[PDB]
Each structure stands twice: as structure tokens, then as C-alpha cells.
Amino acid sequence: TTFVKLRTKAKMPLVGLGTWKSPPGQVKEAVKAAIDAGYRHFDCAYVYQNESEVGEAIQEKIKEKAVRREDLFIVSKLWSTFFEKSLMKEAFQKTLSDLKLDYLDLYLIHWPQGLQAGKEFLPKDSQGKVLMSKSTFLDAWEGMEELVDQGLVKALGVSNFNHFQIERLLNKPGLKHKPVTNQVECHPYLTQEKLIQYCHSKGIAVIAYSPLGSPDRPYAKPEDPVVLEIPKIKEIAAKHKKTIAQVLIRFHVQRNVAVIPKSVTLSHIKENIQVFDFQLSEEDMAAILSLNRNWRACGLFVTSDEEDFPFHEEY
């Protein structure tokens, strides 16, 4: 109930703790507090640059006997400047080393377009144009598959992929490890009906991020739709004696979609996991689903004209 079983028949907890934009130090405390509140799924990434702080938190809770490594699901992601196999292996060893773990439960392609290798996460030319690499997500996957055969990663997945891109991966000549999740932005204004149906029927679980609409996001504008403030959510929240955020998170759990709300605030961290004590009615689920406007806050929009750009397609 609190988990979705992957194609491997590993259990992925339905609620996890997101880590993007959590500052260093705040993150170590946030992860400690989350473990204490019963979180077992953690989502971290090389490009966040806070993995070391996550790793400290986990090591300390394991040392203290609060949790066993086998009951944690720890996810990280390969950034798009490291698609080329040797660079992939270096990036990965740094992620695993920062996290202080012997293996990851899940390793994701972060973004389907490859970017030029170098020190910058977002390489630009003198003009300020983003530079792409020659390596594709299929090249990166061949590299990642070796991690699985090695026991360093239990399963591979993708993030921000459309269904044609997943098909291409599923139809890759010589594919060894099928992807087990697709981690995409998901909330009442971007429900992802078709993408979720596609994933579940292809052996692929879905992890929702930005379930709260990613308010901390740096480029938020007054004109943007406001996920927290959806009027129907307030109504449903009052009815169930839960918070608006709790309803936004349950909306994902109740569809058997994992969610990774981000928080470094203790009250919010404890509250976000209190979503296994109520059920949304069929009318409430239909009312939430009525809200999609296919609106996205998250992605690399500057590269929309470059070959691998996922958000052009319907799903």
C-alpha cells in the first residue's frame, strides 16, 4: 500500500523526500528528520551538489540503528554532460562516493538531451547558446547497464522522457536492462494521464516531482498557475481534515505513482508523509483530474529546438 512494486519486484516507497534546491547542511538535517518521520525513499542528483550532505545523514541514521540500508530506496541521476561512458563512470563513482553507499537502488537519466562535456552543467558558447553533446541517452544507457551487471545499481530509469523516447529505449538493439521508472513533473495542472497509462502498461513506474508546483523555483512569474492555491484542493482538504499539500501528495499515491515532495522545513517534512490515513473519493479524484491544462514549470526550455527535446509531443 505504501509502495509500488517495480518490474524487478523491488518495492519503491510511494512517498519520498525530494532534494533539489535544498541548501547544504539544511539537507542533512532534512534527511535526518525525514528518516525519523518514516521516509525511506530519497531523491538526490549530481547536479544538486548536495549528495555529500544526504550521504552524511543516511550514514548517521544507519550507524544509530534507526534504519537498515536494505529498507532505504536511494535514487540519484546521471547529468547530461556525462553521457560518454568514461565520464559517466567518473560521475557515478563521485555520486556513490558522496552518498557513502555501496549501491544505488535506482539510477536515472536526468534529462534526455546530452550536453557538451566540461566543468559547466549548462555549457554555453560566447553568444550564450547552450552546447549539446554527440552522445545520446541510448549511449548513456549502454554505459549505465554495466553498473547493474556490476551490482552498483539495482535498477535503471529515466526522467523527463516522453513515450516515443521510452519506446526507442525499449527497442534499442541489444538492450539489457529495461527502464523501471520515469520521473516526471506531475500535479493537477499537469496530471500526465496518457504518460502514466503508457508507463504502467510497459512495466514502468512513475515518480512525480513538483507535486506542490515547485514554488521555490527561481523563475516563477505572477502569471503562472499556482498549484498550492487551487480552489477545489482547499475544499477536498477541509473535507478530509488534511492540508492542501497533503491532498496534492495523496493525489499521486492513490494513483500508485510515487511522489517526492521537497522540503527542508521540519513541519512540512512530517506533514508530507501523513498521507496513508485517508482516501480521496472517486468524485474528488475526477475533480482533481479535470484540472489538467498541460502546464509545466520544470525542464531545460532553452534547448527546445535541439534534437532530443521531449516536451514537443503530446505525451
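Note that residue numbering follows the sequence shown and begins at 1.
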| item | value |
| --- | --- |
| 11-19 set against 301-309, stretch whose average Cα temperature factor tops the other in the entry | 301-309 |
| Mean temperature factor over C-alpha atoms, higher-scoring stretch between 67-75 and 82-90 | 82-90 |
| Out of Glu271, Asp36, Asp43, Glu283, residue topping the C-alpha B-factor column of the entry | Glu283 |
| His200, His240, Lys154, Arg168, ranked by C-alpha B-factor: the highest one | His240 |
| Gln26 - which third its CA temperature factor falls in, relative to the rest of the chain | highest |
| Among modelled residues of the same chain, the CA temperature factor third for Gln246 | lowest |
| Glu185 - Cα temperature factor, lowest/middle/highest third of chain | lowest |
| Lowest, middle or highest third - CA B-factor, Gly114 | middle |
| Third of the chain's Cα B-factor distribution that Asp149 belongs to, per the entry | highest |
